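Quick notes on the structure that follows.
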There are 2 protein chains.
Amino acid sequence: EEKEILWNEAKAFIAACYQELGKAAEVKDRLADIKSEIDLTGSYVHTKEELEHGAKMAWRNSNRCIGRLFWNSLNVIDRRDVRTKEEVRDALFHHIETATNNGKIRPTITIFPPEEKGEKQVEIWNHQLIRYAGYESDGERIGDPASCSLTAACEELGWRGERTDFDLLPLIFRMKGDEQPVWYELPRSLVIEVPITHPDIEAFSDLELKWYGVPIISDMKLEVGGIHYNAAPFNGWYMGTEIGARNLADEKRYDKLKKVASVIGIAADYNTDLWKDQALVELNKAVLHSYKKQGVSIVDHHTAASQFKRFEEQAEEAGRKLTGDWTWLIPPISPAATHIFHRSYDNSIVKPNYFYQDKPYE
Amino acid sequence: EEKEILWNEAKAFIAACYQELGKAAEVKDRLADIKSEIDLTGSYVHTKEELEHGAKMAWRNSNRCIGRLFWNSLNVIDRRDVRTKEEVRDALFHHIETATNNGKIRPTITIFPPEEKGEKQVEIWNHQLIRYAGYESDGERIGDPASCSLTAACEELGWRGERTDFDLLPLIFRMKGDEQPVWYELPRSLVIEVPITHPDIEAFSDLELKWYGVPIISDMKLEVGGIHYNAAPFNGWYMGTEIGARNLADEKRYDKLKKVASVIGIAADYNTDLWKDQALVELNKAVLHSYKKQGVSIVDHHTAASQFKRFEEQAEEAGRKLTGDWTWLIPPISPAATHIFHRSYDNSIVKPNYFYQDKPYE
Ligand code: HEM
Ligand code: HEM
Ligand SMILES: Cc1cc(N)nc(CCc2ccc(CCCN)c(CCc3cc(C)cc(N)n3)c2)c1
Ligand SMILES: Cc1cc(N)nc(CCc2ccc(CCCN)c(CCc3cc(C)cc(N)n3)c2)c1
Ligand SMILES: [Cl-]
Ligand SMILES: [Cl-]
């Protein structure tokens, strides 16, 4: 059963991948080889060409992603050779460095050895490789509340945060055969951060807001032809709203809208003044302005939606069905100002793809 | 078959309606009466109590409506006695007057005789009782593009618009047995309109925008216990975003965002300036301000979402399942600033309800 799942998934992937690569004639022989290998070993090993194209397909099939136009230029780093925690740490440090690329962000994925018997070889605990800690001790809230449980887990293992609102969490991952994960403090030279200022309102700097340059999702599983790559961190560049309308704005995150309203000099007293809406717009302008000013890649939601329209056209033109999650594709700011809002999307799951998996803590 | 549909729907409705009315014991006798009546006549007639509560239930079950907190105070006008076009016209005029209520809008529905053999007794052509005409002659666009096809149909029947951007369409409806609908110009004394000004920006009046006070949806079918009330116009008061973020903002409607940007004194050149977002916020502030200043009921999307939260709690507290369409419930401005955005809703259809029906023109 488990291996029939593998063979069926392998069949579909190799056929599809090789068609896209103009390698359709090699499918028959390659499947024989794969079938023998599953027979003789219980699994199979992707060629580097398969691995790279599979990761790209997986991005292409990510229903919730507005940035998919650029799927085919994903920079895929093959790290299936890794066996030690030093090698993992160094691969993660390297991913941060090459993806950041001095601000000119490169969409990158580093792929670690896949699950064996559903047994992980490398288990990453971080949600993102770069993220801020969060604390909640006796009524006082510090940092990013979304990081509270991971932060508590790190502090169990002998890490201690400075309890600033922007403590960088350490890298934390466990190796197969180890009982506890290890942690490593991020070298600050690796991590670009951007201070948030506003183009016109000088007082905006009084909020002392900042955010990190590169979102590197490190807790999803990449699945390709029945192989489960549970550890495969990937990054793009930010869409501004992710920072200005969610990370810094949500009541359950940094919750900064009342403070924004005060520095931009409007009252925060009446719903009918639309002060939250006005504060959201200004904070979002500041975020775009700040990233651009520092030379760190970022895209606004209008340009993003325009790019996504092109992805849609490209898919049609290539004869591929389009899939999407409307509820995630619409930006959280002026959604009806984008074309996305005014059409519908088929939310079917197509593989290869990226999937949620259970957290190893909490 | 057709009558088995009717009896099954009647069974479910009478049971449910009478439970809610504390009249559970009368269900058995009432169903016998109904069953005989379908047997003897092919249909049945609602008591006034059933009709009123059914219309209220229908509002309660409208998945796409954020305003449902107030379902139980709907003002139901029973006009099943109507037989002539003068009576229909007068009932429609009356609905406008009593719903408008000098600006203190009353959620109201007027219910006309239901379909007989799927044969309409009264067929209303208007989408809303009050709406602006739209024209598109040889490249030049005037008025509301959404009204183009109905406007063309009216002008076929000998009506002529002044071709202002805000021509009030005439009431247009057809009677059973008539080949053509009739039309009647709206008395302007009946129709409250609001000029759009901004609380701080004096130049905003230069846009000469306005909108009508009361949205009265007149093209949906109310279904109650298997009876099809195809003509049953209903109204609430506006949520500000419907006007500021859609009617006046959409590129396929009045398309005013570039003009808004100019009068509020910002450039409309770069996506990263979020000029569309900023223009949307200011236009939406102006709309709320203008309605409030004139004494015409309106609700902002924050207050609306707060009221909807109470509807949710009320439903749970009453032991009723909640249904909703997330894609319509989220406001088109700052949706993530409402609780709606952060939860999910079951989009199942529960009856009684309001349903789309085919337009009799186009
Ligand atoms: C190149 C720049 C990119 C941009 C601007 C972008 C934009 C976004 C945005 C805005 C979201 C939505 C998050 C939310 O709604 O809060 C998202 C989700 C997602 N993106 Fe992208 N993205 C990019 C690159 C990538 C890459 C390189 C991958 C993987 C190879 C990827 C895969 C995904 C996935 C899987 C999700 C869903 C995450 C989840 O379900 O939690 N994206 N993207
Ligand atoms: C009391 C004030 C009311 C407010 C503020 C309100 C608010 C809204 C809003 C914002 C929409 C969405 C339109 C859109 O997304 O563009 C809507 C849709 C709807 N509302 Fe309400 N509403 C109210 C009263 C009513 C009443 C009295 C009824 C019927 C008895 C009703 C039934 C509906 C229905 C059926 C829709 C869906 C229309 C469609 O599918 O095209 N609402 N409402
Ligand atoms: C690779 C990449 C690039 C980029 N610009 N953005 C992303 C998405 C980042 C991200 C990270 C974390 C999260 C939190 C939940 C995921 N377990 C999210 C999604 C946030 C969200 C929350 C809600 C309530 C709705 C919604 N649509 N989206 C999105 C990935
Ligand atoms: C009774 C009532 C009160 C009130 N405040 N609002 C309404 C809804 C009015 C309305 C009128 C017309 C329409 C146009 C289509 C309906 N055939 C709409 C819905 C507009 C819309 C468009 C799009 C693209 C998405 C969306 N969610 N909603 C909404 C009814
Ligand atoms: Cl993020
Ligand atoms: Cl409307």
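Compute the helix-to-body angle for B:2-20: its Cα long axis versus the longest principal axis of chain B, expressed 0 to 90° and rounded to tens.
Orientation of helix B:2-20: about 80 degrees from the principal axis.
Can you list residues from other chains, or at least 5 along the same chain, whose modelled amide H is less than 5 Å from the amide H of residue B:334?
A:334
For the protein assembly as shown, with equal point scatterers placed on the C-alpha atoms only and solvent neglected, what are the log10 I(q)/I(0) values from the Debye formula at q = 0.10, 0.11 1/Å, to two decimals?
Summing over Cα pairs of the protein assembly as shown leads to -1.10, -1.20.
What gaps in nm, shortest first, separate residue B:94 from its twins in the other copies when you place the label 7 Å past Cα toward the beta carbon?
Those label-point separations list as 8.2 nm.
Ranked by Cβ crowding within 10 angstrom, fewest neighbours first, how are B:323, A:110 ordered? Mind dumping the intermediate values first?
Numbers: B:323 17, A:110 26.
So the residues, fewest neighbours to most, are B:323, A:110.
Collect residues whose amide H, placed 1.01 Å from N in the peptide plane, falls under 5 Å from the amide H of residue B:324; neighbours closer than 5 in sequence don't count.
Answer set, sorted by chain and number: B:346, B:347, B:348.
Per q in 0.24, 0.25, 0.33 1/Å, what log10 I(q)/I(0) does a Debye calculation on the alpha-carbon atoms of segment A:207-250 return?
For the requested q values the scattering log ratios are -0.87, -0.90, -1.14.
So for each of B:99-109, A:151-161, B:48-58 I average, over its residues, the number of other beta carbons within 10 Å; can you give me the resulting order with the highest mean first? Please report the intermediate quantities before stating the final value.
On the way: B:99-109: 18.3, A:151-161: 15.4, B:48-58: 21.0.
Answer by packing, highest mean first, reads B:48-58, B:99-109, A:151-161.
Considering the alpha-carbon set of chain B alone, what are its Rg and its Dmax in angstrom?
21.9, 71
Would you mind giving the mean number of other chain beta-carbons within 10 Å of the Cβ of each residue in B:83-96, as a whole number?
0
Output the 0 to 90 degree angle, nearest 10, between the alpha-carbon long axis of helix A:301-317 and the longest principal axis computed from the alpha carbons of chain A.
Approximately 20 degrees, to the nearest ten.
Taking neighbour counts of Cβ atoms within 10 Å as a proxy for exposure, in what order, fewest first, do A:144, A:300 appear? Please list the in-between numbers first.
Numbers: A:144 23, A:300 26.
Exposure proxy ranking, most exposed first: A:144, A:300.
Please work out the Kirkwood hydrodynamic radius for segment B:76-156, using every pair of different C-alpha atoms, and report it in angstroms with one decimal place. Don't jump to the answer; show the numbers that get you there.
Numbers: mean 1/r = 0.0674 Å⁻¹.
It is 14.8 Å.
Determine the relative contact order of segment A:60-165: mean sequence separation of Cα pairs under 8 Å and six or more apart, normalised by residue count, in whole percent. List each step's numbers first, then the result.
Numbers: 106 pairs, mean separation 20.1, N = 106.
Relative contact order comes out at 19 percent.
When the Cα centres of segment A:99-149 and segment B:18-49 are compared, how far apart do they sit, in Å?
62
Counting other C-beta atoms within 10 Å, which of B:43, B:218, A:334, B:262 has the fewest, and how do the rest follow? Present the calculation step by step, with values, prior to reporting the outcome.
Details: B:43 18, B:218 23, A:334 32, B:262 15.
Sorted ascending by nearby Cβ count, the order is B:262, B:43, B:218, A:334.
Under a 5 Å amide H to amide H cut-off, with H placed in plane at 1.01 Å, what residues pair with residue B:128 once short-range neighbours are removed?
Residues meeting the amide H criterion: B:218.
How high is the relative contact order of segment A:100-239, in percent, with contacts defined as C-alpha pairs under 8 Å that are six or more residues apart? If you can, show how the numbers build up before the last one.
On the way: 267 pairs, mean separation 45.0, N = 140.
In percent, rounded to a whole number, it is 32.
Just to be sure I understand: of the beta bridges DSSP finds with both ends in the protein assembly as shown, what percent are antiparallel, rounded to 5? Please report the intermediate quantities before stating the final value.
Details: 50 of 62 bridges.
Taking every DSSP beta bridge with both residues in the protein assembly as shown, the antiparallel ones total about 80 percent.
If each label sits 7 angstrom from Cα along the C-beta direction, how far apart, in nm, is residue A:140 from its counterparts in the other copies?
7.1
Given labels modelled 7 Å from the Cα in the Cβ direction, how far is it in nm from residue B:2 to residue A:189?
With each label placed 7 Å out from Cα toward Cβ, I get 8.4 nm.
For chain B, find the longest principal axis of its Cα atoms and tell me its angle to the long axis of helix B:85-100, 0 to 90°, nearest 10.
60
If you put a point 7 Å past Cα along the Cβ direction, how far is that point for residue A:319 from the same point in each other copy, in nm, smallest first?
5.9
Please turn the phi angles of segment A:328-342 into ³J(HN,Hα) values with the Karplus equation 6.51 cos²θ - 1.76 cosθ + 1.60 (θ = phi - 60°), one per residue in order, whole Hz, x for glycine and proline.
9, 6, 5, x, x, 10, 6, x, 6, 7, 9, 5, 3, 3, 9
Using θ = phi - 60° and the Karplus relation 6.51 cos²θ - 1.76 cosθ + 1.60, list the HN-Hα couplings for segment A:156-161 in order, rounded to whole Hz, with x at every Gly or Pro.
Once θ is set to phi - 60°, the couplings for segment A:156-161 become 5, 8, x, 6, 9, x Hz.
Within segment B:26-69, whose backbone N sits under 15 Å from a point 7 Å along Cα→Cβ of residue B:317?
The answer is B:69, whose backbone nitrogens lie closer than 15 Å to the label point.
Can you give me the C-alpha center-to-center distance between segment B:75-97 and segment B:157-223, rounded to a whole angstrom?
18
Want the number for residue A:64 to residue A:47: 0.36 nm per residue separation, take away the alpha-carbon distance, what's left? Display every interim value, and only then the final one.
Numbers: separation 17, 0.36 × 17 = 6.12 nm, distance 2.80 nm.
Length gained between residue A:64 and residue A:47: 3.3 nm.
If you plug each phi of segment B:347-362 into the Karplus form 6.51 cos²θ - 1.76 cosθ + 1.60 with θ = phi - 60°, what whole-Hz ³J(HN,Hα) values come out, in order, with x for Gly and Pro?
Each residue's phi maps through the Karplus curve to give 8, 5, 8, 10, 10, x, 6, 10, 10, 4, 9, 4, 5, x, 10, 6 Hz.
On average, how many beta carbons from a partner chain sit within 10 Å of the beta carbon of a residue in B:246-256?
Values: counts 1, 0, 0, 3, 4, 3, 1, 0, 0, 0, 0.
Mean partner-chain Cβ count within 10 Å for B:246-256: 1.
Don't worry about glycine lacking a Cβ; one is built from the backbone with ideal geometry, like all the others, and counts go over all protein chains shown. Here, each number is a calculation from the coordinates, and none is a lab measurement.
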